[PDB]
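Asker: Input: one structure, supplied below.
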């Protein structure tokens, strides 16, 4: 099997208090890294087109969004550094 996991990684204690999540949810949308940043001023480290996931947009305290990287890193993106995929997959699903 793929036994490459020890935790789901909730060791991200700094992110929790930084953005204030309380109850973690699932990805809302997959954002595309609009640029390559290395996580300055407490941000997420990502490369242009890396693909990020947006989790918390609501009740953001600093104006920035909470984005996660595939490895589980929540860097609370400055919104300008990403572009979220609008819709979902099929937000409109008329059974098509």
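Numbering (the authors' numbering), first residue to last: 1 to 96.
Backbone N, C-alpha and C define an ideal beta-carbon position, used for all residues, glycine too.
Are the Cβ atoms of residue 31 and residue 48 separated by less than 9 angstroms?
Answerer: Here residue 31 corresponds to residue number 31 of the chain shown, with the count starting at 1. Here residue 48 corresponds to residue number 48 of the chain shown, with the count starting at 1. No, these two residues do not count as a Cβ contact at 9 angstroms.
Asker: For residue 5, which option in 40, 81 and 71 has the closest C-alpha, if you only look at C-alpha atoms?
Answerer: Position 5 of the chain shown holds residue 5. Residue 5 has its Cα closest to that of 71, out of 40, 81 and 71.
Asker: Quick check on residue 82: buried or exposed, where buried means 16 or more other Cβ atoms within 10 Å of its Cβ?
Answerer: Within the chain shown, residue 82 is the residue found at index 82, counting from 1. By the 10 Å Cβ count, residue 82 comes out buried.
Asker: State the DSSP-derived secondary structure class of residue 9, mapped to helix, strand or coil.
Answerer: Taking the first residue of the chain shown as 1, we reach residue 9 at position 9. Looking at residue 9 - three-state DSSP - the assignment turns out to be coil, as it is neither helix nor strand.
Asker: Give me the Cβ distance between residue 50 and residue 68, rounded to the nearest whole Å; I'm assuming they're in contact under 8 angstroms.
Answerer: The residue given as residue 50 occupies position 50 in the chain shown. The residue given as residue 68 occupies position 68 in the chain shown. Not quite, the Cβ-Cβ distance comes to about 11 angstroms (not below 8 angstroms), so this is no contact.
Asker: Would a C-beta distance cut-off of 9 angstroms place residue 14 and residue 42 closer than the cut-off?
Answerer: The residue you call residue 14 lines up with position 14 of the chain shown. The residue you call residue 42 lines up with position 42 of the chain shown. Closer than 9 angstroms, so yes.
Asker: I need the boundaries of the beta strand (DSSP E) containing residue 82, first residue and last residue.
Answerer: Numbered from 1 along the chain shown, position 82 holds the residue referred to as residue 82. 82-84 is the extent of the beta strand (DSSP E) around residue 82.
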